[PDB]
C-alpha cells in the first residue's frame, strides 16, 4: 500500500451519496417514465420558476447539446415550454407547462418522502447545513 493522499476524495463521497439517493429514486422515476437527467431539469424548472438554456445546463449539470435533445423531447411531450425575452434575441428561457407542473408535484411528493425520512433522522439543522455547504462548494468559481 502507498501513502494515502492527505485529503480524502470529497468527489467519491459526493458520487456515492447521490448514487444512494438514486437507487431510492430510480423506481419512482422509472414508473413515471422519467430519466435521472430529465428529473434534474424538471425539479430545477419547477423550483426556480424558469431558467435560461445556459443556466439550466450549469445547474442540471448536463452537456449542452445533450440538453437540447432532452429539451426537444420534453417539449414534444408537452412538459416544457420555451420563453423568449424581449431584451435578448438569442437567449432562451425554459419553464414547465401545466402538464409539467402536475408531473413535478406527483413525482416530487414521492421523492420528498425519502428526504423527509432522512430529515427526521438527521435533524433539520444538519440537513440545512449539508444543503448550504454543498451550495457553497458548488458556487466556488
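Residue numbers count along the first chain shown, from 1.
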query: 111-119 set against 35-43, stretch whose average Cα temperature factor tops the other in the entry; finding: 111-119
query: Stretch with the higher entry mean CA B-factor, where the candidates are 9-17 and 122-130; finding: 122-130
query: Identity of residue with top Cα B-factor, from 97, 59, 89, 48; finding: 89
query: Ranked against its chain, the third holding the CA B-factor of residue 1; finding: highest
query: CA B-factor placement of residue 138, once the chain's modelled residues are sorted into thirds; finding: highest
